[PDB]
Amino acid sequence: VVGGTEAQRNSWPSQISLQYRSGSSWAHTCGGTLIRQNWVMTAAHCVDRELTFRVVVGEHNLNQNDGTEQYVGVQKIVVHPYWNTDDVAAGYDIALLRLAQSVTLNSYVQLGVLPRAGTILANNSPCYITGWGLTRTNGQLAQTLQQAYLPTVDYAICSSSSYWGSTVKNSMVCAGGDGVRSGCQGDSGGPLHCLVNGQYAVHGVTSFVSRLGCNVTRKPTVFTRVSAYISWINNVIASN
Ligand SMILES: *S(=O)(=O)C(C)(C)C(=O)NCc1cn(Cc2ccc(Br)cc2)nn1
Ligand code: NA
């Protein structure tokens, strides 16, 4: 997250860190959202490489154990069957990870609330991105979870020629693009939390940023639109 601030400890208790084994240790690669005690929602592109993954729930400071974390293996990966790693812009950038055990819920570990199927937010709706992704273009990961206010940019604007044009689809949510605040590498897979009827719900899964930079005017961060996938998510959970 570029242009963010440090989140209060576990104010985003459904945020997870998706990590892969790197030698004798672990490396953060993506965010995700805990949606059942044994299921995480992330981006399909986060699992394009065949690696050993783990999920950390209750995380805040990646470099230090604070007593709130639970670490769990990934037992099954279900990528959307229409995902094409060579065509991010086609969409379908979503995957579900079945965890090797069910995590315990507490003040630090909670299920993320999903929107009702089909929900489209009005332009400029209030949302926050969260993650441990880079804090500047070409920079380094955040040690502690960051948040940034990233209001939505509706499809008509986001898919116009001076923004992302045809690359953005109606199955995506765009947010930000002010040139100061944005998602960045390693926020991918994580949530966009948007306030609806007084409750935050996870409307986006971070999918891509501009190759020109993370915080780039009229290149808002692009998210898979969770509300387009409610039936798919429920079908996967019900059949696994
Ligand atoms: S996201 O918008 O943050 C973005 C820029 C697409 C991103 O940084 N995604 C992170 C990501 C994770 N993976 C899979 C992967 C690739 C290589 C290794 Br060594 C490990 C994991 N690809 N992009
Ligand atoms: Na920690």
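All of this is worked out from the model, or read from it or from the source named; none is laboratory data. Note: ideal-geometry Cβ built from the backbone for every residue, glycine included; neighbour counts use all protein chains shown.
Counting only strands (runs of 3 or more DSSP E) wholly contained in region 1-86, the ones carrying 2 or more residues that are within 16 Å of ligand 2 (Cβ to nearest atom) and in contact with a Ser or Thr (Cβ under 8 Å, 6 or more places away or on another chain) occupy 15-22, 25-36, 53-57.
Among the candidates 162, 207, 125, 227, which residue alone is surrounded by fewer than 24 Cβ atoms within 10 Å (Cβ to Cβ) and outside any loop (DSSP other than H, G, I, E, B)?
Details: 162 fails: outside any loop (DSSP other than H, G, I, E, B); 207 fails: surrounded by fewer than 24 Cβ atoms within 10 Å (Cβ to Cβ); 125 fails: outside any loop (DSSP other than H, G, I, E, B).
Answer to the selection: 227.
With respect to the conditions (1) within 13 Å of ligand 1 (Cβ to nearest atom); (2) of a type in the set (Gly, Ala, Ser); (3) part of a strand (DSSP E or B); (4) surrounded by fewer than 20 Cβ atoms within 10 Å (Cβ to Cβ), residue 89 falls short on a single one, namely (3).
Residue-level analysis places residue 86 among those that are without any contact (Cβ under 8 Å) to a residue 40 or more places away in the chain, among the charged types (D, E, K, R) and in the same structural domain as residue 240 (by CATH).
So, residue 21, is that one within 13 Å of ligand 1 (Cβ to nearest atom), more than 18 Å from the chain's Cα centre (by Cα), in contact (Cβ under 8 Å) with a residue 12 or more places away in the chain and over 21 Å from residue 168 (Cβ atoms) or not? If you could, list the steps in order and put the result at the bottom.
On the way: within 13 Å of ligand 1 (Cβ to nearest atom): yes; more than 18 Å from the chain's Cα centre (by Cα): yes; in contact (Cβ under 8 Å) with a residue 12 or more places away in the chain: yes; over 21 Å from residue 168 (Cβ atoms): yes.
Considered against the rule, which asks whether it is within 13 Å of ligand 1 (Cβ to nearest atom), more than 18 Å from the chain's Cα centre (by Cα), in contact (Cβ under 8 Å) with a residue 12 or more places away in the chain and over 21 Å from residue 168 (Cβ atoms), residue 21 comes out as yes.
Restricted to region 139-156, and to residues there that are among the hydrophobic types (A, V, I, L, M, F, W, C) and in a loop (DSSP other than H, G, I, E, B), the residue that is farthest from residue 192 (Cα to Cα) is 142. Applying the set (1) among the aliphatic types (A, V, I, L, M); (2) under 17 Å from residue 80 (Cβ atoms); (3) surrounded by fewer than 15 Cβ atoms within 10 Å (Cβ to Cβ) to residue 212 leaves exactly one unmet item: (2).
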